[PDB]
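Engineer: Quick one: structure below, then a few questions.
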There are 2 protein chains.
Amino acid sequence: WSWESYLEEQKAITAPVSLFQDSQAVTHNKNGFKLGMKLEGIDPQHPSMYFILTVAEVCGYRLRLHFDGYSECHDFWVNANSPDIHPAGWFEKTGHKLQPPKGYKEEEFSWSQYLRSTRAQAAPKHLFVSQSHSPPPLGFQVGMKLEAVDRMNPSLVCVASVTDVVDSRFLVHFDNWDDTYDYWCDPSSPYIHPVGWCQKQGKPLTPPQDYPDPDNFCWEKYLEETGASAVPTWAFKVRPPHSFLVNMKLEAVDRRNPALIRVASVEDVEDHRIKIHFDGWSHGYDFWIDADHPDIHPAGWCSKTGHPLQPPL
Amino acid sequence: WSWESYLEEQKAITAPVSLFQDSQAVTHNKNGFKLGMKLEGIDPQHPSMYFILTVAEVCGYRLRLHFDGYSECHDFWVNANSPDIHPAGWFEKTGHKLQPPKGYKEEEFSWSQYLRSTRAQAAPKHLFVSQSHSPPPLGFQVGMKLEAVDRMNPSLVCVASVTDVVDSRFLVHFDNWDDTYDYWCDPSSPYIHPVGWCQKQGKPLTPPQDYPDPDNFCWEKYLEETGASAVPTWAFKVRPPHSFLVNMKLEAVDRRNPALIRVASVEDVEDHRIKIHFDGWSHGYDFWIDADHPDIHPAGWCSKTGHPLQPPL
């Protein structure tokens, strides 16, 4: 419809652009991804692993990615400035494992041969914001240890490690567990803390799964034992609480069908999270989201990038 | 819209004024609180903690309070007869700790200097129902132990302590937790019981969060080692069940939007609680509330206090 008219009739305001990260707000970059182009990226459900991906669909500044060789039911949407995709050849050049297309073996796969065989184009390098050409985030090296909140069970703070570093971000892994609970973040993430934070703050520390003598867990001896060093305390940066207020309006991807982006409202707030409500729909669809999540955007984002906006119901 | 005409078309009745605590029913007191006045009060999210607060808005007999130095997102609403607010200087005079405005440390804070610097007025003493002038709740002293229901997880009766006493009320604290589960009450609360009650009643007692050997928890040993005594059994003076009956109508603060007060009905009853239904709204917004809660009121309270009432629908 139009935002201008909607804000008059609702007597409301939009969340100002300044409240968002530059990456959530930027509309002036062209989407250079094209149908059929090949690339590499993380599997969202297994964020430690990399796969060969094909551009299946483009919609404004977003794209839908397909896992080569696998079912179309695993297809997923990202923004064109996603740091979780990389150009062909990136795995080899940066020390990452490639999970190759269904039916191949890790070391049977060659990009050269694959491209000859498919007659496909690799998405050009200059499309990617993340190619490991930038010096890492300060003080977070692979193997280093920290304390991390299980985002799936937020009443737990757990023994964790850095297991991956790519440009300004790093992968938080929970020791002796699956990669299923892992997540990417930066040094200002409010979900991570230095070694010794639990004991100093009062809350208990969940030790690694199947660890000998769980209640008797000592950090300094775990470190010596695993030949690891703790991430240094000066590395953990303060991210201030966001400044979103209740009733501010914005645009948000619908989690029930991620092809769609809707008119939305801030229903509630925490220090680092906002509760999204889709205007005109039931509150039952309301969901909590991190303020720096890639799938929320300032009013106007859709119109300026060429993606349809679902009006309110 | 009137109450008389509504009761006619629904052939309904209002809960009589006599069912309510005097404090919930009183309409003839003026609200002397003014915009910008400063005061002290508990943080409702951390009820053991006291902060400098400013009057941000007034509406009838209710006011919205702002945490000096902090964001407006934390503002909250109380009644002008709230016992959870106190005049400037109260914390020093009564042995309470002040969490000072965002940039301060506790001991640098002085009211005289703050008033001089802000040019603000302290809310006058005469507005406050609770200034620690009244006689304390007989029997309940600071440091005494008892058994308390976890209102957030009501199947659990837990090891607890008295951590604060203010006039006829006291603060119940769950041993080894922070204060997020704590609550203020009086000797007639149905949520508290003497040391030994769980044992005599055949119910499971939850020991402190990380008591070394929980299965073998023993009150006589715990009391000895913490140098504490039990609140005397005689001090626990249960209130009788309330007499609100299903379908009775009243006014209640909207929990999702505390600025608003709505027409409401008793959907359901327990001995000490009532289930509130907002007339004309989904039953999914229905909620259980203590019968003595400050945010339910007899029909006519909004009109007599100068607060808008949201009619049904």
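By convention in this document, the chains of the structure tokens carry letters A, B, ... by their order, each chain's residues are numbered from 1, and ligands are numbered from 1 in the order they are shown.
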For residue 285 in chain B, find every residue with an atom within 10 Å (counting only C-alpha atoms), except residues of its own chain fewer than 4 positions away, and show them as number ranges by chain.
Structural biologist: B: 254-256, 276-278, 281
Engineer: Find the residues of chain B in contact range of chain A, meaning any atom within 12 Å when counting only C-alpha atoms, and list them as a PyMOL selection string.
Structural biologist: chain B and resi 70-75+176-178+209-210+212-213+256-257+282+284-285
Engineer: What parts of range 53-238 of chain B does DSSP call alpha helix (DSSP H)? I'd like the answer as an MDAnalysis selection string.
Structural biologist: chainID B and resid 90:94 111:118 197:201 219:226
Engineer: Could those residues be written to a file, using C-alpha atoms, as a PDB file, in the first residue's frame?
Structural biologist:
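What follows is the written file part-v3.pdb:
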ATOM      1  CA  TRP B  90      13.854   6.874  53.152  1.00  0.00           C
ATOM      2  CA  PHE B  91      16.614   4.430  52.118  1.00  0.00           C
ATOM      3  CA  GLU B  92      19.215   6.084  54.349  1.00  0.00           C
ATOM      4  CA  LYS B  93      16.870   6.347  57.343  1.00  0.00           C
ATOM      5  CA  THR B  94      15.718   2.721  57.208  1.00  0.00           C
ATOM      6  CA  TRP B 111      19.771  13.636  47.850  1.00  0.00           C
ATOM      7  CA  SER B 112      20.731  17.227  48.726  1.00  0.00           C
ATOM      8  CA  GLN B 113      23.429  17.310  46.033  1.00  0.00           C
ATOM      9  CA  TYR B 114      21.157  15.538  43.519  1.00  0.00           C
ATOM     10  CA  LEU B 115      18.267  17.962  44.081  1.00  0.00           C
ATOM     11  CA  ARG B 116      20.654  20.872  43.786  1.00  0.00           C
ATOM     12  CA  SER B 117      22.063  19.544  40.559  1.00  0.00           C
ATOM     13  CA  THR B 118      18.723  18.525  38.964  1.00  0.00           C
ATOM     14  CA  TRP B 197       5.184 -27.354  57.248  1.00  0.00           C
ATOM     15  CA  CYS B 198       6.032 -29.455  54.165  1.00  0.00           C
ATOM     16  CA  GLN B 199       7.106 -32.299  56.438  1.00  0.00           C
ATOM     17  CA  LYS B 200       3.891 -32.167  58.540  1.00  0.00           C
ATOM     18  CA  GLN B 201       1.717 -31.958  55.430  1.00  0.00           C
ATOM     19  CA  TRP B 219      15.867 -27.745  58.509  1.00  0.00           C
ATOM     20  CA  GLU B 220      17.367 -28.085  62.044  1.00  0.00           C
ATOM     21  CA  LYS B 221      20.852 -28.465  60.599  1.00  0.00           C
ATOM     22  CA  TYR B 222      20.359 -25.661  58.012  1.00  0.00           C
ATOM     23  CA  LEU B 223      19.100 -23.274  60.737  1.00  0.00           C
ATOM     24  CA  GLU B 224      22.069 -24.059  62.963  1.00  0.00           C
ATOM     25  CA  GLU B 225      24.642 -23.544  60.205  1.00  0.00           C
ATOM     26  CA  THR B 226      23.126 -20.312  58.828  1.00  0.00           C
TER      27      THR B 226
END
Engineer: Return the single residue from A:34, A:262, A:193, A:127 that is closest to residue 280 in chain A, with distances computed using only C-alpha atoms.
Structural biologist: A:262
Engineer: Write out as a ChimeraX atom specification which residues come within 8 Å of residue 40 in chain B when counting only C-alpha atoms, dropping same-chain ones fewer than 6 positions away.
Structural biologist: /B:50-53,85-88,90-91
